[PDB]
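Peer 1: Coordinates in final_14.cif, mmCIF, C-alpha atoms and all ligand atoms, are listed below.
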```
data_protein
loop_
_atom_site.group_PDB
_atom_site.id
_atom_site.type_symbol
_atom_site.label_atom_id
_atom_site.label_comp_id
_atom_site.auth_asym_id
_atom_site.auth_seq_id
_atom_site.Cartn_x
_atom_site.Cartn_y
_atom_site.Cartn_z
ATOM 1 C CA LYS A 1 0.434 -10.971 43.431
ATOM 2 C CA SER A 2 1.509 -9.265 40.181
ATOM 3 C CA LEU A 3 2.550 -5.679 39.561
ATOM 4 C CA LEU A 4 0.445 -5.674 36.367
ATOM 5 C CA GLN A 5 -2.605 -6.697 38.321
ATOM 6 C CA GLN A 6 -1.889 -4.258 41.092
ATOM 7 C CA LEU A 7 -1.636 -1.346 38.614
ATOM 8 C CA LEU A 8 -4.923 -2.430 37.096
ATOM 9 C CA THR A 9 -6.717 -2.751 40.434
ATOM 10 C CA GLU A 10 -5.317 0.424 41.943
ATOM 11 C CA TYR B 1 -15.062 13.135 2.695
ATOM 12 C CA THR B 2 -14.691 14.703 6.133
ATOM 13 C CA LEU B 3 -15.448 12.945 9.375
ATOM 14 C CA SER B 4 -18.780 13.162 11.107
ATOM 15 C CA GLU B 5 -19.354 14.921 14.392
ATOM 16 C CA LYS B 6 -19.638 11.512 16.035
ATOM 17 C CA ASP B 7 -16.205 10.244 14.876
ATOM 18 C CA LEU B 8 -14.528 13.515 15.864
ATOM 19 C CA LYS B 9 -15.916 13.015 19.359
ATOM 20 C CA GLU B 10 -14.463 9.516 19.428
ATOM 21 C CA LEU B 11 -11.140 10.876 18.150
ATOM 22 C CA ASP B 12 -11.190 13.438 21.030
ATOM 23 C CA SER B 13 -11.704 10.564 23.443
ATOM 24 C CA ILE B 14 -8.842 8.626 21.835
ATOM 25 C CA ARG B 15 -6.564 11.700 21.900
ATOM 26 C CA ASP B 16 -7.263 12.203 25.627
ATOM 27 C CA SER B 17 -6.548 8.552 26.488
ATOM 28 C CA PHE B 18 -3.149 8.721 24.713
ATOM 29 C CA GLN B 19 -2.214 12.213 25.954
ATOM 30 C CA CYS B 20 -0.206 10.622 28.788
ATOM 31 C CA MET B 21 2.162 8.780 26.388
ATOM 32 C CA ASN B 22 4.049 11.952 25.461
ATOM 33 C CA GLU B 23 3.779 13.884 28.717
ATOM 34 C CA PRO B 24 7.047 14.951 30.356
ATOM 35 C CA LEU B 25 8.805 12.608 32.785
ATOM 36 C CA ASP B 26 8.280 13.525 36.344
ATOM 37 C CA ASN B 27 11.020 11.524 37.987
ATOM 38 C CA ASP B 28 14.704 12.343 37.673
ATOM 39 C CA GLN B 29 15.898 8.797 37.787
ATOM 40 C CA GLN B 30 13.847 8.029 34.661
ATOM 41 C CA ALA B 31 15.087 11.195 33.007
ATOM 42 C CA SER B 32 18.638 10.286 33.879
ATOM 43 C CA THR B 33 18.270 6.770 32.391
ATOM 44 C CA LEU B 34 16.945 8.263 29.130
ATOM 45 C CA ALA B 35 19.834 10.749 29.120
ATOM 46 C CA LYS B 36 22.673 8.206 29.242
ATOM 47 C CA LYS B 37 24.770 7.984 26.089
ATOM 48 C CA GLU B 38 24.840 4.236 26.366
ATOM 49 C CA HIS B 39 22.048 1.927 27.476
ATOM 50 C CA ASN B 40 22.856 -1.555 28.780
ATOM 51 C CA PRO B 41 20.156 -4.287 29.161
ATOM 52 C CA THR B 42 19.149 -3.036 32.647
ATOM 53 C CA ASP B 43 18.797 0.492 31.220
ATOM 54 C CA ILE B 44 16.599 -0.726 28.426
ATOM 55 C CA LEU B 45 14.359 -2.432 30.933
ATOM 56 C CA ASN B 46 13.992 0.736 32.959
ATOM 57 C CA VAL B 47 13.146 2.718 29.828
ATOM 58 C CA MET B 48 10.459 0.159 28.998
ATOM 59 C CA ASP B 49 9.057 0.642 32.475
ATOM 60 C CA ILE B 50 8.200 4.226 31.524
ATOM 61 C CA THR B 51 6.289 3.200 28.381
ATOM 62 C CA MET B 52 4.584 0.221 29.894
ATOM 63 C CA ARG B 53 3.244 2.141 32.858
ATOM 64 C CA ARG B 54 2.022 4.855 30.537
ATOM 65 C CA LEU B 55 0.442 2.225 28.287
ATOM 66 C CA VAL B 56 -1.390 0.976 31.356
ATOM 67 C CA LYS B 57 -2.727 4.486 32.267
ATOM 68 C CA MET B 58 -3.929 4.793 28.667
ATOM 69 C CA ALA B 59 -5.924 1.631 28.806
ATOM 70 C CA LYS B 60 -7.448 2.531 32.171
ATOM 71 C CA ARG B 61 -8.568 5.941 30.910
ATOM 72 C CA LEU B 62 -10.359 4.191 28.116
ATOM 73 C CA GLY B 63 -14.109 3.829 28.341
ATOM 74 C CA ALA B 64 -14.211 0.796 26.120
ATOM 75 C CA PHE B 65 -11.659 -0.982 28.277
ATOM 76 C CA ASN B 66 -13.958 -0.614 31.331
ATOM 77 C CA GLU B 67 -16.640 -2.731 29.596
ATOM 78 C CA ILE B 68 -14.269 -5.783 30.048
ATOM 79 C CA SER B 69 -14.143 -7.964 33.162
ATOM 80 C CA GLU B 70 -11.211 -7.522 35.505
ATOM 81 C CA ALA B 71 -9.663 -10.825 34.526
ATOM 82 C CA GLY B 72 -10.166 -9.863 30.863
ATOM 83 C CA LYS B 73 -8.365 -6.584 31.391
ATOM 84 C CA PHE B 74 -5.349 -8.355 32.791
ATOM 85 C CA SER B 75 -5.379 -10.800 29.958
ATOM 86 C CA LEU B 76 -5.525 -8.147 27.191
ATOM 87 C CA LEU B 77 -2.653 -6.166 28.790
ATOM 88 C CA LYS B 78 -0.536 -9.197 29.559
ATOM 89 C CA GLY B 79 -0.888 -10.374 25.973
ATOM 90 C CA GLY B 80 -0.716 -7.126 24.001
ATOM 91 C CA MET B 81 1.863 -5.198 25.963
ATOM 92 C CA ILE B 82 4.989 -6.100 23.951
ATOM 93 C CA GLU B 83 3.071 -5.494 20.640
ATOM 94 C CA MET B 84 1.978 -2.074 21.765
ATOM 95 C CA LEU B 85 5.539 -1.161 22.817
ATOM 96 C CA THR B 86 6.783 -2.419 19.464
ATOM 97 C CA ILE B 87 4.250 -0.093 17.791
ATOM 98 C CA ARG B 88 5.386 2.879 19.863
ATOM 99 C CA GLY B 89 8.904 1.851 19.017
ATOM 100 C CA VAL B 90 8.136 2.205 15.348
ATOM 101 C CA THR B 91 6.649 5.694 15.642
ATOM 102 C CA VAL B 92 9.585 7.209 17.470
ATOM 103 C CA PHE B 93 12.254 5.446 15.478
ATOM 104 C CA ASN B 94 14.732 7.294 13.239
ATOM 105 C CA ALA B 95 15.723 4.907 10.475
ATOM 106 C CA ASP B 96 18.384 7.353 9.245
ATOM 107 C CA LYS B 97 20.159 7.779 12.595
ATOM 108 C CA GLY B 98 19.343 4.228 13.695
ATOM 109 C CA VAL B 99 18.111 5.378 17.057
ATOM 110 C CA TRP B 100 14.898 5.831 18.990
ATOM 111 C CA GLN B 101 13.933 9.466 19.881
ATOM 112 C CA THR B 102 11.395 9.879 22.648
ATOM 113 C CA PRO B 103 9.092 12.895 22.222
ATOM 114 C CA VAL B 104 8.889 13.234 25.961
ATOM 115 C CA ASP B 105 12.597 14.100 26.100
ATOM 116 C CA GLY B 106 14.388 15.660 23.172
ATOM 117 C CA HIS B 107 18.181 15.423 22.969
ATOM 118 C CA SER B 108 17.732 11.798 24.114
ATOM 119 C CA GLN B 109 18.405 8.742 22.050
ATOM 120 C CA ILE B 110 18.575 4.967 22.284
ATOM 121 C CA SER B 111 20.847 3.175 19.931
ATOM 122 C CA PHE B 112 19.330 0.472 17.766
ATOM 123 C CA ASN B 113 22.569 -1.414 18.444
ATOM 124 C CA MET B 114 21.381 -1.956 21.956
ATOM 125 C CA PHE B 115 20.150 -5.320 20.451
ATOM 126 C CA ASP B 116 23.754 -6.500 20.230
ATOM 127 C CA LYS B 117 23.703 -7.009 23.962
ATOM 128 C CA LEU B 118 20.486 -9.095 24.074
ATOM 129 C CA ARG B 119 19.974 -12.832 23.636
ATOM 130 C CA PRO B 120 22.829 -13.746 21.229
ATOM 131 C CA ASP B 121 21.109 -16.366 19.073
ATOM 132 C CA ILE B 122 17.936 -14.368 18.525
ATOM 133 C CA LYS B 123 19.054 -10.767 18.609
ATOM 134 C CA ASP B 124 19.752 -10.623 14.833
ATOM 135 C CA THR B 125 16.361 -12.090 13.928
ATOM 136 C CA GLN B 126 14.704 -9.434 16.102
ATOM 137 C CA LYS B 127 16.550 -6.495 14.596
ATOM 138 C CA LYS B 128 15.452 -7.593 11.183
ATOM 139 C CA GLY B 129 11.929 -8.238 12.358
ATOM 140 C CA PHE B 130 11.652 -4.826 13.996
ATOM 141 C CA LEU B 131 12.875 -3.124 10.802
ATOM 142 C CA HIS B 132 10.625 -5.239 8.658
ATOM 143 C CA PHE B 133 7.531 -4.298 10.683
ATOM 144 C CA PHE B 134 8.648 -0.646 10.599
ATOM 145 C CA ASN B 135 8.952 -0.772 6.858
ATOM 146 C CA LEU B 136 5.534 -2.360 6.470
ATOM 147 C CA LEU B 137 3.971 0.705 8.027
ATOM 148 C CA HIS B 138 4.184 3.536 5.489
ATOM 149 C CA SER B 139 5.503 6.992 6.434
ATOM 150 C CA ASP B 140 2.101 8.787 6.311
ATOM 151 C CA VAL B 141 0.473 6.296 8.732
ATOM 152 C CA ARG B 142 3.481 5.882 10.980
ATOM 153 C CA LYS B 143 3.655 9.678 11.356
ATOM 154 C CA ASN B 144 -0.013 10.096 12.075
ATOM 155 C CA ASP B 145 -0.645 10.029 15.812
ATOM 156 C CA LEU B 146 -4.337 9.184 15.664
ATOM 157 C CA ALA B 147 -3.786 6.530 13.043
ATOM 158 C CA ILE B 148 -1.280 4.633 15.287
ATOM 159 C CA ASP B 149 -3.362 5.191 18.338
ATOM 160 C CA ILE B 150 -6.352 3.503 16.572
ATOM 161 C CA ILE B 151 -4.145 0.604 15.488
ATOM 162 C CA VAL B 152 -2.765 0.419 19.046
ATOM 163 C CA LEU B 153 -6.326 -0.205 20.175
ATOM 164 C CA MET B 154 -6.911 -2.713 17.475
ATOM 165 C CA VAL B 155 -3.988 -4.843 18.786
ATOM 166 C CA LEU B 156 -5.064 -4.303 22.389
ATOM 167 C CA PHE B 157 -8.579 -5.513 21.728
ATOM 168 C CA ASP B 158 -7.606 -8.924 20.512
ATOM 169 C CA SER B 159 -10.289 -11.498 21.275
ATOM 170 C CA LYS B 160 -8.014 -14.462 20.738
ATOM 171 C CA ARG B 161 -5.558 -13.895 23.624
ATOM 172 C CA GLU B 162 -4.787 -16.410 26.367
ATOM 173 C CA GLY B 163 -6.972 -15.603 29.336
ATOM 174 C CA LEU B 164 -10.045 -14.288 27.473
ATOM 175 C CA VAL B 165 -12.389 -17.077 28.453
ATOM 176 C CA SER B 166 -15.501 -15.055 29.213
ATOM 177 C CA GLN B 167 -17.863 -15.230 26.306
ATOM 178 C CA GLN B 168 -19.030 -11.774 27.208
ATOM 179 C CA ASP B 169 -15.371 -10.510 27.117
ATOM 180 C CA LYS B 170 -14.803 -12.215 23.785
ATOM 181 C CA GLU B 171 -17.935 -10.791 22.240
ATOM 182 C CA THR B 172 -17.377 -7.275 23.493
ATOM 183 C CA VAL B 173 -13.684 -7.390 22.547
ATOM 184 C CA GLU B 174 -14.571 -8.520 19.037
ATOM 185 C CA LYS B 175 -17.137 -5.795 18.729
ATOM 186 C CA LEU B 176 -14.666 -3.115 19.846
ATOM 187 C CA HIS B 177 -12.059 -4.483 17.498
ATOM 188 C CA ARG B 178 -14.459 -4.310 14.596
ATOM 189 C CA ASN B 179 -15.601 -0.759 15.486
ATOM 190 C CA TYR B 180 -12.056 0.507 15.930
ATOM 191 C CA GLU B 181 -11.074 -0.971 12.636
ATOM 192 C CA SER B 182 -14.009 0.678 10.862
ATOM 193 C CA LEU B 183 -12.893 3.938 12.472
ATOM 194 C CA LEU B 184 -9.448 3.611 10.999
ATOM 195 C CA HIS B 185 -10.991 2.850 7.596
ATOM 196 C CA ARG B 186 -13.030 6.032 7.613
ATOM 197 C CA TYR B 187 -10.207 7.955 9.195
ATOM 198 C CA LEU B 188 -7.686 7.016 6.499
ATOM 199 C CA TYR B 189 -10.147 8.190 3.860
ATOM 200 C CA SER B 190 -10.598 11.522 5.612
ATOM 201 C CA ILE B 191 -6.865 12.364 5.785
ATOM 202 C CA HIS B 192 -5.741 10.894 2.495
ATOM 203 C CA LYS B 193 -8.502 9.507 0.242
ATOM 204 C CA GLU B 194 -5.886 9.067 -2.456
ATOM 205 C CA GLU B 195 -4.337 5.810 -1.215
ATOM 206 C CA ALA B 196 -6.660 5.009 1.616
ATOM 207 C CA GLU B 197 -7.879 1.648 0.415
ATOM 208 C CA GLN B 198 -4.395 0.490 -0.254
ATOM 209 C CA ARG B 199 -3.112 1.775 3.045
ATOM 210 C CA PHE B 200 -5.906 0.254 5.052
ATOM 211 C CA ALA B 201 -5.490 -3.023 3.212
ATOM 212 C CA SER B 202 -1.809 -3.094 4.120
ATOM 213 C CA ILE B 203 -2.178 -2.703 7.892
ATOM 214 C CA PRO B 204 -3.526 -6.250 8.478
ATOM 215 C CA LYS B 205 -0.378 -7.625 6.895
ATOM 216 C CA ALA B 206 1.916 -5.383 8.968
ATOM 217 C CA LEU B 207 -0.067 -6.585 12.065
ATOM 218 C CA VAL B 208 0.741 -10.219 11.324
ATOM 219 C CA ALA B 209 4.404 -9.328 11.277
ATOM 220 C CA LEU B 210 4.015 -7.307 14.502
ATOM 221 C CA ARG B 211 2.609 -10.345 16.198
ATOM 222 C CA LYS B 212 5.521 -12.415 15.021
ATOM 223 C CA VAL B 213 8.307 -10.007 16.076
ATOM 224 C CA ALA B 214 6.693 -9.271 19.413
ATOM 225 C CA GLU B 215 6.141 -12.957 20.178
ATOM 226 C CA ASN B 216 9.739 -14.169 20.010
ATOM 227 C CA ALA B 217 10.962 -11.026 21.801
ATOM 228 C CA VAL B 218 9.969 -12.354 25.279
ATOM 229 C CA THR B 219 13.347 -14.093 25.892
ATOM 230 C CA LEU B 220 15.592 -11.266 24.501
ATOM 231 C CA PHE B 221 16.928 -10.676 28.004
ATOM 232 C CA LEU B 222 18.166 -14.216 28.478
ATOM 233 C CA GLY B 223 21.959 -14.328 28.229
ATOM 234 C CA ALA B 224 22.124 -10.572 28.597
ATOM 235 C CA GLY B 225 23.535 -10.755 32.109
ATOM 236 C CA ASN B 226 22.468 -9.454 35.463
ATOM 237 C CA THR B 227 19.245 -7.397 35.344
ATOM 238 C CA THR B 228 18.301 -7.676 39.035
ATOM 239 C CA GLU B 229 18.588 -3.936 39.498
ATOM 240 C CA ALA B 230 16.039 -3.284 36.622
ATOM 241 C CA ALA B 231 12.382 -2.219 37.078
ATOM 242 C CA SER B 232 10.151 -5.148 38.058
ATOM 243 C CA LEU B 233 7.140 -4.453 35.757
ATOM 244 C CA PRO B 234 9.045 -5.070 32.501
ATOM 245 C CA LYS B 235 10.394 -8.304 34.007
ATOM 246 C CA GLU B 236 6.813 -9.614 34.086
ATOM 247 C CA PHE B 237 6.648 -9.622 30.300
ATOM 248 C CA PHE B 238 10.300 -10.504 29.643
ATOM 249 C CA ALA B 239 11.880 -13.741 30.768
ATOM 250 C CA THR B 240 14.989 -13.348 32.925
ATOM 251 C CA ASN B 241 17.292 -15.676 34.881
ATOM 252 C CA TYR B 242 17.518 -13.189 37.692
HETATM 253 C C1 LIG C 1 10.210 6.286 27.408
HETATM 254 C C2 LIG C 1 10.074 5.829 25.996
HETATM 255 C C3 LIG C 1 11.382 5.829 25.221
HETATM 256 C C4 LIG C 1 11.206 5.422 23.756
HETATM 257 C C5 LIG C 1 11.997 4.170 23.385
HETATM 258 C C6 LIG C 1 11.135 2.885 23.280
HETATM 259 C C7 LIG C 1 10.119 3.163 22.177
HETATM 260 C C8 LIG C 1 12.006 1.654 22.938
HETATM 261 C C9 LIG C 1 13.115 1.427 23.980
HETATM 262 C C10 LIG C 1 13.423 -0.088 24.082
HETATM 263 C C11 LIG C 1 12.646 -0.599 22.890
HETATM 264 C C12 LIG C 1 12.210 -2.064 22.732
HETATM 265 C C13 LIG C 1 13.395 -3.015 22.896
HETATM 266 C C14 LIG C 1 13.057 -4.519 22.903
HETATM 267 C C15 LIG C 1 12.216 -4.890 21.707
HETATM 268 C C16 LIG C 1 12.569 -5.945 20.980
HETATM 269 C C17 LIG C 1 11.786 -6.395 19.858
HETATM 270 O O1 LIG C 1 12.062 -7.390 19.242
HETATM 271 C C18 LIG C 1 10.557 -5.630 19.487
HETATM 272 C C19 LIG C 1 10.580 -4.189 19.983
HETATM 273 C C20 LIG C 1 11.018 -4.013 21.412
HETATM 274 C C21 LIG C 1 9.900 -4.332 22.404
HETATM 275 C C22 LIG C 1 11.428 -2.533 21.515
HETATM 276 C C23 LIG C 1 10.315 -1.491 21.303
HETATM 277 C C24 LIG C 1 10.752 -0.019 21.426
HETATM 278 C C25 LIG C 1 11.401 0.281 22.768
HETATM 279 C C26 LIG C 1 10.459 -0.055 23.940
HETATM 280 C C27 LIG C 1 9.034 6.698 25.362
HETATM 281 O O2 LIG C 1 9.232 7.922 25.235
HETATM 282 O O3 LIG C 1 7.990 6.108 24.985
#
```
Would you give me this structure, written as structure tokens?
Peer 2:
Amino acid sequence: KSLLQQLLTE
Amino acid sequence: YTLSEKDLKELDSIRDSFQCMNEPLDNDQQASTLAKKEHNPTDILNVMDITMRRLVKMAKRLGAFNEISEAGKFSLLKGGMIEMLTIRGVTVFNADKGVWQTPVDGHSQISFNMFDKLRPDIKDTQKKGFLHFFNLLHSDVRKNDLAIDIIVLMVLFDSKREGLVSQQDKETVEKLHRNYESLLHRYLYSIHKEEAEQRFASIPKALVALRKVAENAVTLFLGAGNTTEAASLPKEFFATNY
């Protein structure tokens, strides 16, 4: 739930 | 005088973390957007997608950034992103031609007048604010890669951003901020001891202006028209009606 977060987590 | 072995090692680490910012584009869509002779609001948002995603790789390949909690990482990126773009904006900007010139792709330019298509009642204030911040950073510091990289990290590691609730995050962010700032101090004296104190003393001022310009830039895409075809990442930092 958030591209920014997804980029961080990936 | 000259830098110690320890600082040079830290400058290598900094140089490696930012080495992705100027790498060549890999996609042709992105290259094609940057090649257009005219950029509309949607095009500007796609261009920002390139920088933002690269800004995110930089932060991830940063040792110091991995000492922060996951929620603290999000918070620092969510809050410093626009400021860091604005800084990159300054270092690739040609005040004579009035255009931005990406190192990653020569022969490619973005008109400063692209502002004339953004939010109507604020677009003029922003142009002036961008050019004011630009002019607060002297030539010798603006042109020095490592110098801007260090300042980029100083704005990133801001302990007072919304979201940084963890005392541990706050403390470590303050400590990094202080260390990075001392690095820049020593660095400026190693590359030009002549006006180093004056230069270093001016950056805090310039950073207050950065914060101001970057802050009221979040709604620049309101009243700019349909941007539904633009990259989604940039639309997480910029308010849109689509
Ligand atoms: C792929 C990019 C292209 C370089 C251009 C980039 C530095 C420009 C393009 C759009 C510009 C912003 C527009 C909105 C904007 C409005 C403001 O008020 C403050 C500054 C910003 C964020 C601009 C910073 C510089 C940007 C990102 C790269 O090589 O890094």
Peer 1: Under the rule that all atoms listed in the file are counted, which of B:160, B:186, B:193, B:88 is the nearest residue to ligand LIG 1 (chain C)?
Peer 2: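 Of the candidates, the smallest distance to ligand LIG 1 (chain C) is held by B:88.
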Peer 1: To one decimal place, how far is CA of residue 71 in chain B from CA of residue 7 in chain A in Å?
Peer 2: 13.1 Å
Peer 1: Could you work out how far CA of residue 239 in chain B lies from CA of residue 28 in chain B, giving the answer in Å with one decimal?
Peer 2: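 Going from CA of residue 28 in chain B over to CA of residue 239 in chain B covers 27.1 Å.
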Peer 1: 6 Å from ligand LIG 1 (chain C) is the threshold here; counting only C-alpha atoms and all ligand atoms, which polymer residues fall inside it? Answer as a PyMOL selection string.
Peer 2: chain B and resi 44+47-48+50-51+82+85-86+88-89+100+102-104+126+130+213-214+217
Peer 1: Using only C-alpha atoms, pick whichever of B:164, B:56, B:209, B:84 has the shortest atom-to-atom distance to residue 9 in chain A.
Peer 2: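 Distance minimum relative to residue 9 in chain A lands on B:56.
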Peer 1: Carefully work through the PyMOL selection byres ((chain A) within 8 of (chain B)) for this structure and note down the residues it includes, as a list in words.
Peer 2: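 Evaluating the PyMOL selection byres ((chain A) within 8 of (chain B)) on these coordinates yields residues 3, 4, 5, 7 and 8 of chain A.
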Peer 1: For the residues in that selection, give me C-alpha atoms as an mmCIF file, in the frame of the given file.
Peer 2:
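Contents of the output file again_0.cif:
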```cif
data_model
loop_
_atom_site.group_PDB
_atom_site.id
_atom_site.type_symbol
_atom_site.label_atom_id
_atom_site.label_comp_id
_atom_site.auth_asym_id
_atom_site.auth_seq_id
_atom_site.Cartn_x
_atom_site.Cartn_y
_atom_site.Cartn_z
ATOM 1 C CA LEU A 3 2.550 -5.679 39.561
ATOM 2 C CA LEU A 4 0.445 -5.674 36.367
ATOM 3 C CA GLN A 5 -2.605 -6.697 38.321
ATOM 4 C CA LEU A 7 -1.636 -1.346 38.614
ATOM 5 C CA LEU A 8 -4.923 -2.430 37.096
#
```
Peer 1: So, counting all atoms listed in the file, which residue among B:122, B:146, B:173, B:45 is closest to residue 240 in chain B?
Peer 2: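 Going through B:122, B:146, B:173, B:45 one by one, the smallest distance to residue 240 in chain B is for B:45.
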Peer 1: Written as a list in words, which residues does the PyMOL selection byres (((chain B and resi 119) around 8) and not hetatm) give for the file shown?
Peer 2: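 The output of the PyMOL selection byres (((chain B and resi 119) around 8) and not hetatm) on this file is residues 117, 118, 120, 121, 122, 123, 219, 220, 221, 222, 223 and 224 of chain B.
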Peer 1: Which is closest to residue 169 in chain B among B:49, B:67, B:5, B:16, if we use all atoms listed in the file?
Peer 2: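 Nearest candidate to residue 169 in chain B out of B:49, B:67, B:5, B:16: B:67.
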Peer 1: Return as an mmCIF file with C-alpha atoms, keeping the file's coordinate frame the set of residues that the PyMOL selection byres (((chain B and resi 229) around 10) and not hetatm) yields on the displayed structure.
Peer 2:
```
data_model
loop_
_atom_site.group_PDB
_atom_site.id
_atom_site.type_symbol
_atom_site.label_atom_id
_atom_site.label_comp_id
_atom_site.auth_asym_id
_atom_site.auth_seq_id
_atom_site.Cartn_x
_atom_site.Cartn_y
_atom_site.Cartn_z
ATOM 1 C CA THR B 42 19.149 -3.036 32.647
ATOM 2 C CA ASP B 43 18.797 0.492 31.220
ATOM 3 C CA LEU B 45 14.359 -2.432 30.933
ATOM 4 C CA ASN B 46 13.992 0.736 32.959
ATOM 5 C CA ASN B 226 22.468 -9.454 35.463
ATOM 6 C CA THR B 227 19.245 -7.397 35.344
ATOM 7 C CA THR B 228 18.301 -7.676 39.035
ATOM 8 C CA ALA B 230 16.039 -3.284 36.622
ATOM 9 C CA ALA B 231 12.382 -2.219 37.078
ATOM 10 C CA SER B 232 10.151 -5.148 38.058
ATOM 11 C CA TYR B 242 17.518 -13.189 37.692
#
```
Peer 1: Please, what distance in Å, to one decimal, runs between CA of residue 165 in chain B and CA of residue 13 in chain B?
Peer 2: 28.1 Å
Peer 1: For residue 178 in chain B, list every protein, DNA or RNA residue within 10 Å, evaluated using only C-alpha atoms, and leave out those in the same chain fewer than 5 positions away; present the list as a ChimeraX atom specification.
Peer 2: /B:154,157,172-173,183
Peer 1: Counting all atoms listed in the file, which of B:111, B:32, B:135, B:190 gets nearest to residue 205 in chain B?
Peer 2: B:135
Peer 1: Would you place a box with edges along x, y and z of the file around all atoms of range 231-234 of chain B listed there, add 5 Å to each of its six sides, and report the centre and edge lengths in Å to one decimal, as AutoDock Vina command-line options?
Peer 2:
```
--center_x 9.8 --center_y -3.7 --center_z 35.3 --size_x 15.2 --size_y 12.9 --size_z 15.6
```
Peer 1: Tell me which of B:137, B:152, B:62, B:176 sits closest to residue 199 in chain B, counting only C-alpha atoms.
Peer 2: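 The closest residue to residue 199 in chain B is B:137.
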Peer 1: Generate N, CA and C atoms for range 158-169 of chain B and emit them as a PDB file, keeping the file's coordinate frame.
Peer 2:
```pdb
ATOM      1  N   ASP B 158      -7.737  -7.662  21.184  1.00  0.00           N
ATOM      2  CA  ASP B 158      -7.606  -8.924  20.512  1.00  0.00           C
ATOM      3  C   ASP B 158      -8.343 -10.030  21.281  1.00  0.00           C
ATOM      4  N   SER B 159      -9.433 -10.494  20.699  1.00  0.00           N
ATOM      5  CA  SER B 159     -10.289 -11.498  21.275  1.00  0.00           C
ATOM      6  C   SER B 159      -9.734 -12.874  21.357  1.00  0.00           C
ATOM      7  N   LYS B 160      -8.599 -13.123  20.728  1.00  0.00           N
ATOM      8  CA  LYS B 160      -8.014 -14.462  20.738  1.00  0.00           C
ATOM      9  C   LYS B 160      -6.818 -14.585  21.683  1.00  0.00           C
ATOM     10  N   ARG B 161      -6.722 -13.775  22.730  1.00  0.00           N
ATOM     11  CA  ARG B 161      -5.558 -13.895  23.624  1.00  0.00           C
ATOM     12  C   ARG B 161      -5.772 -14.846  24.784  1.00  0.00           C
ATOM     13  N   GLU B 162      -4.726 -15.526  25.215  1.00  0.00           N
ATOM     14  CA  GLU B 162      -4.787 -16.410  26.367  1.00  0.00           C
ATOM     15  C   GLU B 162      -5.341 -15.681  27.571  1.00  0.00           C
ATOM     16  N   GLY B 163      -6.256 -16.297  28.292  1.00  0.00           N
ATOM     17  CA  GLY B 163      -6.972 -15.603  29.336  1.00  0.00           C
ATOM     18  C   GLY B 163      -8.373 -15.118  29.046  1.00  0.00           C
ATOM     19  N   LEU B 164      -8.682 -14.735  27.808  1.00  0.00           N
ATOM     20  CA  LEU B 164     -10.045 -14.288  27.473  1.00  0.00           C
ATOM     21  C   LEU B 164     -11.015 -15.431  27.314  1.00  0.00           C
ATOM     22  N   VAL B 165     -11.532 -15.909  28.445  1.00  0.00           N
ATOM     23  CA  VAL B 165     -12.389 -17.077  28.453  1.00  0.00           C
ATOM     24  C   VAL B 165     -13.872 -16.667  28.514  1.00  0.00           C
ATOM     25  N   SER B 166     -14.138 -15.528  29.103  1.00  0.00           N
ATOM     26  CA  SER B 166     -15.501 -15.055  29.213  1.00  0.00           C
ATOM     27  C   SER B 166     -16.091 -14.764  27.855  1.00  0.00           C
ATOM     28  N   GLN B 167     -17.200 -15.431  27.558  1.00  0.00           N
ATOM     29  CA  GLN B 167     -17.863 -15.230  26.306  1.00  0.00           C
ATOM     30  C   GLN B 167     -18.259 -13.764  26.131  1.00  0.00           C
ATOM     31  N   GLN B 168     -18.668 -13.157  27.230  1.00  0.00           N
ATOM     32  CA  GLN B 168     -19.030 -11.774  27.208  1.00  0.00           C
ATOM     33  C   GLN B 168     -17.805 -10.910  26.837  1.00  0.00           C
ATOM     34  N   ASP B 169     -16.637 -11.192  27.457  1.00  0.00           N
ATOM     35  CA  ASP B 169     -15.371 -10.510  27.117  1.00  0.00           C
ATOM     36  C   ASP B 169     -14.997 -10.695  25.658  1.00  0.00           C
TER      37      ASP B 169
END
```
